[PDB]
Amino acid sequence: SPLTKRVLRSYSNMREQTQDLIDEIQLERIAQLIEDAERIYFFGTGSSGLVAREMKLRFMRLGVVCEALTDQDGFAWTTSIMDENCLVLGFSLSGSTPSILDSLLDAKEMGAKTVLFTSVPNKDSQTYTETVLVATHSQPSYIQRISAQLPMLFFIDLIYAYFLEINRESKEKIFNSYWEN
């Protein structure tokens, strides 16, 4: 079908793009930032808010003390209780959502480490501990683009893989207590 083709092309295109963006040493660094962090936070709005919730679900099941926030007040009250043992991962596909960029800046002022995920090379000039570049959507118009989560989910999974192999014995045992009840 012609519409079926557009969707599957958008999928393989961002697949094809994601291949070229992957910085494996950056991803293993982030996995280590998570392991070393005491408290970990995921910020995003809209569909990037859904990505942040997905991450909370998966890493909490490997034993991570974390929390997903998806609005401005939640960002403000949460950054006000961060310190140097915290890590914040911010998700913003455009790179331009002010609540996310401002909340990463607030977290940095409190000494937290910061990671921004975005499809737009940052203009902030290496302001955050890390900036993970994700695929851009192929479709030019917002209305026909595929799930905004997808560029982010790729890197979700990649970091998940690297993180699972740090201290896995302790993490597989936490994962499996769910089925064992």
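Don't overthink the numbering: it's just position in the shown sequence, from 1.
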item	value
Which of 147-155 and 23-31 has higher mean CA B factor, as the PDB entry lists it	23-31
Mean C-alpha temperature factor, higher of 61-69 and 123-131	123-131
Chain-wide C-alpha B factor ranking for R53, given as lowest, middle or highest third	middle
Third of chain Cα B-factors occupied by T136	middle
